[PDB]
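Read the structure below first, then the notes.
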Amino acid sequence: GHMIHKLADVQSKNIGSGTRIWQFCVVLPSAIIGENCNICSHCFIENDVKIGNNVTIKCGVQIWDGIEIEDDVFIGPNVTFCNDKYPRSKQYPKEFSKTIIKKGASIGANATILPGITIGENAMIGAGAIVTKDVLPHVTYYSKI
Amino acid sequence: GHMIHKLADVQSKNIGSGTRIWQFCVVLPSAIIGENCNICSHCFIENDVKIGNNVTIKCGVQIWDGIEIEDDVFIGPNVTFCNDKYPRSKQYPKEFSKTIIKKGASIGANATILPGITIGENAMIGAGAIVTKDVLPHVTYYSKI
Amino acid sequence: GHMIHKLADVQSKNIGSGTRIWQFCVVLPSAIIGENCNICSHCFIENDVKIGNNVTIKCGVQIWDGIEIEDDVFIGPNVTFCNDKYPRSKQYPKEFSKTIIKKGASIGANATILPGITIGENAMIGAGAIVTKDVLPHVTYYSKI
Ligand SMILES: CC(C)(COP(=O)(O)OP(=O)(O)OC[C@H]1O[C@@H](n2cnc3c(N)ncnc32)[C@H](O)[C@@H]1OP(=O)(O)O)[C@@H](O)C(=O)NCCC(=O)NCCSO
Ligand SMILES: CC(C)(COP(=O)(O)OP(=O)(O)OC[C@H]1O[C@@H](n2cnc3c(N)ncnc32)[C@H](O)[C@@H]1OP(=O)(O)O)[C@@H](O)C(=O)NCCC(=O)NCCSO
Ligand SMILES: CC(C)(COP(=O)(O)OP(=O)(O)OC[C@H]1O[C@@H](n2cnc3c(N)ncnc32)[C@H](O)[C@@H]1OP(=O)(O)O)[C@@H](O)C(=O)NCCC(=O)NCCSO
Ligand SMILES: Cc1cn([C@H]2C[C@H](O)[C@@H](COP(=O)(O)OP(=O)(O)O[C@H]3O[C@H](C)[C@H](O)[C@H](N)[C@H]3O)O2)c(=O)[nH]c1=O
Ligand SMILES: Cc1cn([C@H]2C[C@H](O)[C@@H](COP(=O)(O)OP(=O)(O)O[C@H]3O[C@H](C)[C@H](O)[C@H](N)[C@H]3O)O2)c(=O)[nH]c1=O
Ligand SMILES: Cc1cn([C@H]2C[C@H](O)[C@@H](COP(=O)(O)OP(=O)(O)O[C@H]3O[C@H](C)[C@H](O)[C@H](N)[C@H]3O)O2)c(=O)[nH]c1=O
Ligand code: NA
């Protein structure tokens, strides 16, 4: 079985064994979440979303339509994703931009991931980074101060 | 009518037709929100706040006292606003700094807007930007990496 | 007495007189919170956490195991902290990195604080800053654009 906190609103049945979903999360019906994930408090997970096994999503993260997270990924707290490069209110894209975070990658706290991005296997994104270009597998990327 | 999610705490009656306010939002009594807005999950909206029509506020945003959002504005997820330039705990300003986000402007995901800022009509703020100065109408501004 | 909002999940008994904890907060059992604090909506506070007196934590902040906040500190909205410098999903550190935010310091909105950091007494961290090194007492630090 999986653990859905009574204070979460989880509408998806597609949740793997061992997964924990914590307080004040929203998970919409078509989301797919694998086994042994930890979806920490205050997250939002939309419909066209696939999350693999052993994924950690720390607090305050939103996973939009068009985003896939592979197995063993770590997403730091308050990490932000995008599916629309030129957002204008009520101007809905015909197709959302896709992001994929590949197996074992880690995204540091409060990073910002632009739309259409691939982050390669086992990459490490520094805390607070702005990722405007793909990050190669196993690369450590951060936004220099 | 408007749609207030049962899992929101909306204390304002000043909400326009067609507006949606989603799970785990807090809206304090004096907030004014126009028609056909979408206030996504996990937002906080204070009292001295005016939000126009057709405004999109993505998840995880707080709109403080002193902030006005005009019509047709898009605010990306985890965008942060300020009303106090030199904050010190329990040192309450006599007057909060005012921010105005003008008609049709868009603010990218996880941007940070300093206090006292004007963002001009139809401007575009890049994801993750720090906005320390006014942005002119129709300008695209981002914080270079 | 202290004020715990009915829409918060506060599991700690260690909360000082005059403290307010707002909607959609999570506070785990071992957290220590002093007197006259304001823990604004949408915060998460873990177990190995000490927060002093007269502390303001604005919305959307998480205080992890290993973090101490001294008296009279201001933490801006969506400020992010870290306790793991090289995070990998399911690779639990033997010991979390410690952060201390010293008396009277202020952290601007949407700043990112790396693990192992000391922010000195009465320092001021600019909105959106990435703090990768200790900040001396009374220093104003921001990430230049
Ligand atoms: C990116 C990194 C892995 C790099 O660590 P590192 O490779 O040991 O680098 P380092 O020796 O500390 O720093 C090298 C330089 O890069 C800078 N730097 C490191 N991380 C940075 C970041 N996130 N943003 C900007 N600059 C950074 C340092 O200031 C240092 O600069 P100088 O050489 O000018 O002194 C780490 O700093 C980091 O950001 N970790 C993520 C932490 C996190 O977000 N954890 C999740 C939340 S807690 O689970
Ligand atoms: C700012 C922008 C509109 C610019 O798009 P663009 O004008 O097509 O620029 P571009 O050709 O991709 O990039 C030009 C340069 O600016 C850099 N850049 C673009 N956006 C940036 C940003 N947000 N921060 C820092 N640098 C950025 C690029 O890296 C590129 O650098 P080089 O010239 O060195 O390669 C877009 O990148 C962006 O930030 N969009 C907002 C996305 C968002 O937040 N959506 C809301 C959430 S999903 O609804
Ligand atoms: C850091 C600061 C205290 C500095 O204020 P200041 O010392 O009056 O500086 P200033 O005169 O406005 O700016 C000096 C320069 O630093 C830049 N700057 C100021 N704050 C900055 C920031 N946060 N990030 C990047 N650059 C910044 C300005 O753009 C200006 O650049 P130029 O000299 O190139 O014009 C303030 O800008 C700030 O960030 N305050 C925190 C606001 C906040 O987060 N409040 C909490 C939420 S509301 O309670
Ligand atoms: C009990 C409880 C836990 N949680 C979430 C947030 C907690 O940090 C987390 C604890 O689960 P866990 O020990 O499996 O931790 P993880 O989420 O796996 O993260 C820790 O380990 C990582 C490797 C990194 O080091 C990270 N910085 C740590 O926080 O679960 C809630 O959101 N609400 C809760 O009520
Ligand atoms: C069903 C539901 C929706 N919502 C919010 C978050 C959802 O992303 C949003 C869906 O409403 P909508 O289709 O009107 O979307 P908008 O909020 O208008 O945003 C989309 O369109 C923009 C133009 C940009 O492209 C943006 N990146 C998109 O997400 O409503 C909740 O917060 N809780 C919910 O339970
Ligand atoms: C009524 C209510 C308040 N709150 C929180 C968020 C509100 O901004 C805050 C109001 O309490 P307060 O007046 O003691 O304000 P503080 O949290 O102390 O912050 C203000 O004063 C600072 C010095 C800075 O200038 C800051 N930018 C201001 O917001 O309490 C909730 O989260 N939910 C609520 O329902
Ligand atoms: Na943020």
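Chain labels run A, B, ... following the order of the structure tokens; each chain numbers its residues from 1, and ligands are numbered from 1 in the order shown.
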
Got a sec to pull out which chain A residues are within 6 Å of chain B, counting only C-alpha atoms, and send them as a PDB file with N, CA, C and O atoms, in the first residue's frame?
ATOM      1  N   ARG A  88       1.204  34.116 -21.216  1.00  0.00           N
ATOM      2  CA  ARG A  88       0.261  35.247 -21.181  1.00  0.00           C
ATOM      3  C   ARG A  88      -1.070  34.723 -20.676  1.00  0.00           C
ATOM      4  O   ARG A  88      -1.524  33.655 -21.119  1.00  0.00           O
ATOM      5  N   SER A  89      -1.664  35.440 -19.736  1.00  0.00           N
ATOM      6  CA  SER A  89      -2.878  34.962 -19.048  1.00  0.00           C
ATOM      7  C   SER A  89      -3.954  34.607 -20.077  1.00  0.00           C
ATOM      8  O   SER A  89      -4.257  35.450 -20.936  1.00  0.00           O
ATOM      9  N   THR A 112      15.290  27.063 -10.506  1.00  0.00           N
ATOM     10  CA  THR A 112      14.248  27.371 -11.493  1.00  0.00           C
ATOM     11  C   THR A 112      14.589  26.669 -12.801  1.00  0.00           C
ATOM     12  O   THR A 112      15.661  26.945 -13.364  1.00  0.00           O
ATOM     13  N   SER A 143      24.448  28.572 -10.976  1.00  0.00           N
ATOM     14  CA  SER A 143      24.420  29.969 -11.460  1.00  0.00           C
ATOM     15  C   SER A 143      25.415  30.751 -10.600  1.00  0.00           C
ATOM     16  O   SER A 143      25.162  30.889  -9.403  1.00  0.00           O
TER      17      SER A 143
END

(request) Assign secondary structure with DSSP using the backbone only, and return the residues of chain A in strand (DSSP E) as a PyMOL selection string. (result) chain A and resi 3-4+9-10+20-21+26-27+32-33+38-39+44-45+49-51+56-57+62-63+67-69+74-75+80-81+99-101+106-107+112-113+118-119+124-125+130-131+140-141

Chain C onto chain B, all Cα, least squares, as a PDB file with C-alpha atoms, in the first residue's frame:
ATOM      1  CA  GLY C   1     -20.890  32.921  -9.437  1.00  0.00           C
ATOM      2  CA  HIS C   2     -17.264  32.075  -8.442  1.00  0.00           C
ATOM      3  CA  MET C   3     -15.671  28.770  -7.303  1.00  0.00           C
ATOM      4  CA  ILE C   4     -13.991  28.666  -3.855  1.00  0.00           C
ATOM      5  CA  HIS C   5     -12.503  25.248  -3.108  1.00  0.00           C
ATOM      6  CA  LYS C   6     -13.700  23.738   0.184  1.00  0.00           C
ATOM      7  CA  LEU C   7      -9.988  23.372   1.172  1.00  0.00           C
ATOM      8  CA  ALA C   8      -9.366  27.156   0.759  1.00  0.00           C
ATOM      9  CA  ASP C   9      -9.851  29.783   3.519  1.00  0.00           C
ATOM     10  CA  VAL C  10     -11.401  32.693   1.573  1.00  0.00           C
ATOM     11  CA  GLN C  11     -12.666  35.503   3.858  1.00  0.00           C
ATOM     12  CA  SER C  12     -13.261  38.122   1.116  1.00  0.00           C
ATOM     13  CA  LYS C  13     -16.726  38.597  -0.440  1.00  0.00           C
ATOM     14  CA  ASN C  14     -15.146  40.878  -3.111  1.00  0.00           C
ATOM     15  CA  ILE C  15     -14.598  38.139  -5.777  1.00  0.00           C
ATOM     16  CA  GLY C  16     -15.756  38.486  -9.388  1.00  0.00           C
ATOM     17  CA  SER C  17     -17.845  35.998 -11.406  1.00  0.00           C
ATOM     18  CA  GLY C  18     -15.875  33.133 -13.030  1.00  0.00           C
ATOM     19  CA  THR C  19     -12.970  33.357 -10.551  1.00  0.00           C
ATOM     20  CA  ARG C  20     -11.563  30.049  -9.259  1.00  0.00           C
ATOM     21  CA  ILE C  21      -9.693  29.853  -5.921  1.00  0.00           C
ATOM     22  CA  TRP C  22      -8.008  26.505  -5.369  1.00  0.00           C
ATOM     23  CA  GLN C  23      -6.939  24.289  -2.435  1.00  0.00           C
ATOM     24  CA  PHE C  24      -4.961  25.687   0.507  1.00  0.00           C
ATOM     25  CA  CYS C  25      -5.343  29.349  -0.471  1.00  0.00           C
ATOM     26  CA  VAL C  26      -5.791  32.064   2.170  1.00  0.00           C
ATOM     27  CA  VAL C  27      -7.615  35.270   1.109  1.00  0.00           C
ATOM     28  CA  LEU C  28      -8.123  37.937   3.803  1.00  0.00           C
ATOM     29  CA  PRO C  29     -11.343  39.973   4.037  1.00  0.00           C
ATOM     30  CA  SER C  30     -10.485  43.237   2.194  1.00  0.00           C
ATOM     31  CA  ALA C  31      -8.884  41.561  -0.866  1.00  0.00           C
ATOM     32  CA  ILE C  32     -10.536  42.570  -4.157  1.00  0.00           C
ATOM     33  CA  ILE C  33     -10.360  39.990  -6.963  1.00  0.00           C
ATOM     34  CA  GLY C  34     -11.939  40.595 -10.394  1.00  0.00           C
ATOM     35  CA  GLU C  35     -13.715  38.260 -12.821  1.00  0.00           C
ATOM     36  CA  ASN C  36     -12.367  35.079 -14.465  1.00  0.00           C
ATOM     37  CA  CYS C  37      -9.213  34.939 -12.300  1.00  0.00           C
ATOM     38  CA  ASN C  38      -7.454  31.658 -11.478  1.00  0.00           C
ATOM     39  CA  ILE C  39      -5.831  31.647  -7.999  1.00  0.00           C
ATOM     40  CA  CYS C  40      -3.983  28.344  -7.983  1.00  0.00           C
ATOM     41  CA  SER C  41      -3.266  26.194  -4.900  1.00  0.00           C
ATOM     42  CA  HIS C  42      -1.048  27.367  -2.026  1.00  0.00           C
ATOM     43  CA  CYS C  43      -1.450  31.156  -2.491  1.00  0.00           C
ATOM     44  CA  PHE C  44      -1.811  33.819   0.218  1.00  0.00           C
ATOM     45  CA  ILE C  45      -3.622  37.109  -0.534  1.00  0.00           C
ATOM     46  CA  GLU C  46      -3.654  39.829   2.131  1.00  0.00           C
ATOM     47  CA  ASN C  47      -6.109  42.688   2.783  1.00  0.00           C
ATOM     48  CA  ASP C  48      -4.816  45.859   1.009  1.00  0.00           C
ATOM     49  CA  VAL C  49      -4.762  44.017  -2.330  1.00  0.00           C
ATOM     50  CA  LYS C  50      -6.486  44.658  -5.646  1.00  0.00           C
ATOM     51  CA  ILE C  51      -6.401  42.051  -8.435  1.00  0.00           C
ATOM     52  CA  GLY C  52      -8.080  42.830 -11.773  1.00  0.00           C
ATOM     53  CA  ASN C  53      -9.935  40.615 -14.283  1.00  0.00           C
ATOM     54  CA  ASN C  54      -8.531  37.552 -16.126  1.00  0.00           C
ATOM     55  CA  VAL C  55      -5.509  37.354 -13.769  1.00  0.00           C
ATOM     56  CA  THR C  56      -3.652  34.019 -13.457  1.00  0.00           C
ATOM     57  CA  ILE C  57      -1.768  33.474 -10.164  1.00  0.00           C
ATOM     58  CA  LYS C  58       0.060  30.145 -10.303  1.00  0.00           C
ATOM     59  CA  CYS C  59       0.758  28.094  -7.156  1.00  0.00           C
ATOM     60  CA  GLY C  60       2.808  29.244  -4.171  1.00  0.00           C
ATOM     61  CA  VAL C  61       2.489  33.051  -4.595  1.00  0.00           C
ATOM     62  CA  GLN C  62       1.792  35.606  -1.843  1.00  0.00           C
ATOM     63  CA  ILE C  63       0.230  38.996  -2.634  1.00  0.00           C
ATOM     64  CA  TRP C  64       0.971  41.334   0.324  1.00  0.00           C
ATOM     65  CA  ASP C  65      -0.665  44.512   1.512  1.00  0.00           C
ATOM     66  CA  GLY C  66       0.331  47.290  -0.886  1.00  0.00           C
ATOM     67  CA  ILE C  67       0.315  45.182  -4.088  1.00  0.00           C
ATOM     68  CA  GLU C  68      -1.986  45.778  -7.038  1.00  0.00           C
ATOM     69  CA  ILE C  69      -2.277  43.467 -10.066  1.00  0.00           C
ATOM     70  CA  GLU C  70      -4.028  44.902 -13.122  1.00  0.00           C
ATOM     71  CA  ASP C  71      -6.126  42.975 -15.670  1.00  0.00           C
ATOM     72  CA  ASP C  72      -4.787  40.111 -17.798  1.00  0.00           C
ATOM     73  CA  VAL C  73      -1.591  39.646 -15.695  1.00  0.00           C
ATOM     74  CA  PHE C  74       0.110  36.253 -15.439  1.00  0.00           C
ATOM     75  CA  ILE C  75       2.062  35.515 -12.227  1.00  0.00           C
ATOM     76  CA  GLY C  76       4.214  32.399 -12.426  1.00  0.00           C
ATOM     77  CA  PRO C  77       4.519  29.808  -9.706  1.00  0.00           C
ATOM     78  CA  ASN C  78       6.527  30.657  -6.559  1.00  0.00           C
ATOM     79  CA  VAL C  79       6.900  34.321  -7.641  1.00  0.00           C
ATOM     80  CA  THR C  80       7.695  36.353  -4.534  1.00  0.00           C
ATOM     81  CA  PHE C  81       6.704  39.984  -3.814  1.00  0.00           C
ATOM     82  CA  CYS C  82       7.960  42.423  -1.093  1.00  0.00           C
ATOM     83  CA  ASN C  83       6.333  45.426   0.742  1.00  0.00           C
ATOM     84  CA  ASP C  84       9.247  46.214   3.144  1.00  0.00           C
ATOM     85  CA  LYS C  85      12.735  47.101   1.816  1.00  0.00           C
ATOM     86  CA  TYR C  86      14.593  46.796   5.181  1.00  0.00           C
ATOM     87  CA  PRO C  87      12.601  44.165   7.056  1.00  0.00           C
ATOM     88  CA  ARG C  88      13.256  43.687  10.791  1.00  0.00           C
ATOM     89  CA  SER C  89      11.075  41.405  12.916  1.00  0.00           C
ATOM     90  CA  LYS C  90       8.306  43.350  14.761  1.00  0.00           C
ATOM     91  CA  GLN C  91       9.386  46.713  13.206  1.00  0.00           C
ATOM     92  CA  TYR C  92       6.132  47.494  11.346  1.00  0.00           C
ATOM     93  CA  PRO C  93       6.395  50.187   8.619  1.00  0.00           C
ATOM     94  CA  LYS C  94       4.065  53.216   9.043  1.00  0.00           C
ATOM     95  CA  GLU C  95       3.253  52.663   5.326  1.00  0.00           C
ATOM     96  CA  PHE C  96       3.964  49.551   3.236  1.00  0.00           C
ATOM     97  CA  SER C  97       5.834  50.065  -0.076  1.00  0.00           C
ATOM     98  CA  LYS C  98       3.476  49.733  -3.086  1.00  0.00           C
ATOM     99  CA  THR C  99       4.029  47.447  -6.092  1.00  0.00           C
ATOM    100  CA  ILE C 100       1.890  47.563  -9.244  1.00  0.00           C
ATOM    101  CA  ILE C 101       1.945  44.945 -12.004  1.00  0.00           C
ATOM    102  CA  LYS C 102       0.326  46.658 -15.001  1.00  0.00           C
ATOM    103  CA  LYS C 103      -2.173  45.254 -17.495  1.00  0.00           C
ATOM    104  CA  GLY C 104      -1.105  42.155 -19.474  1.00  0.00           C
ATOM    105  CA  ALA C 105       2.353  41.854 -17.851  1.00  0.00           C
ATOM    106  CA  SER C 106       3.730  38.372 -17.134  1.00  0.00           C
ATOM    107  CA  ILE C 107       6.107  37.358 -14.332  1.00  0.00           C
ATOM    108  CA  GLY C 108       8.114  34.178 -14.857  1.00  0.00           C
ATOM    109  CA  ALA C 109       8.298  31.309 -12.361  1.00  0.00           C
ATOM    110  CA  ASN C 110      10.236  31.932  -9.114  1.00  0.00           C
ATOM    111  CA  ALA C 111      11.004  35.597  -9.915  1.00  0.00           C
ATOM    112  CA  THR C 112      11.558  37.957  -6.981  1.00  0.00           C
ATOM    113  CA  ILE C 113       9.981  41.442  -7.102  1.00  0.00           C
ATOM    114  CA  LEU C 114      11.526  44.029  -4.741  1.00  0.00           C
ATOM    115  CA  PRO C 115       9.221  46.492  -2.946  1.00  0.00           C
ATOM    116  CA  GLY C 116       8.084  49.769  -4.579  1.00  0.00           C
ATOM    117  CA  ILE C 117       8.284  48.266  -8.111  1.00  0.00           C
ATOM    118  CA  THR C 118       6.248  49.077 -11.229  1.00  0.00           C
ATOM    119  CA  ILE C 119       6.198  46.435 -13.988  1.00  0.00           C
ATOM    120  CA  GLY C 120       4.823  48.052 -17.144  1.00  0.00           C
ATOM    121  CA  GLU C 121       1.982  46.865 -19.363  1.00  0.00           C
ATOM    122  CA  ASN C 122       2.741  43.665 -21.317  1.00  0.00           C
ATOM    123  CA  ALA C 123       6.274  43.330 -19.854  1.00  0.00           C
ATOM    124  CA  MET C 124       7.768  39.809 -19.597  1.00  0.00           C
ATOM    125  CA  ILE C 125       9.919  38.952 -16.534  1.00  0.00           C
ATOM    126  CA  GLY C 126      12.178  35.919 -17.064  1.00  0.00           C
ATOM    127  CA  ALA C 127      11.914  32.898 -14.781  1.00  0.00           C
ATOM    128  CA  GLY C 128      14.097  33.299 -11.658  1.00  0.00           C
ATOM    129  CA  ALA C 129      14.759  37.042 -12.271  1.00  0.00           C
ATOM    130  CA  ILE C 130      15.388  39.517  -9.433  1.00  0.00           C
ATOM    131  CA  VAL C 131      13.554  42.753 -10.265  1.00  0.00           C
ATOM    132  CA  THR C 132      15.232  45.589  -8.330  1.00  0.00           C
ATOM    133  CA  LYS C 133      14.175  48.422 -10.705  1.00  0.00           C
ATOM    134  CA  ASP C 134      10.971  49.258 -12.616  1.00  0.00           C
ATOM    135  CA  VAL C 135      10.497  47.370 -15.896  1.00  0.00           C
ATOM    136  CA  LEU C 136       9.199  49.481 -18.791  1.00  0.00           C
ATOM    137  CA  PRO C 137       6.066  48.545 -20.739  1.00  0.00           C
ATOM    138  CA  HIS C 138       6.523  45.665 -23.220  1.00  0.00           C
ATOM    139  CA  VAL C 139      10.139  44.997 -22.086  1.00  0.00           C
ATOM    140  CA  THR C 140      11.537  41.481 -21.586  1.00  0.00           C
ATOM    141  CA  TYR C 141      13.789  41.539 -18.474  1.00  0.00           C
ATOM    142  CA  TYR C 142      15.810  38.653 -17.032  1.00  0.00           C
ATOM    143  CA  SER C 143      18.738  38.251 -14.634  1.00  0.00           C
ATOM    144  CA  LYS C 144      21.679  37.094 -16.862  1.00  0.00           C
ATOM    145  CA  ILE C 145      23.645  33.970 -15.658  1.00  0.00           C
TER     146      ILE C 145
END
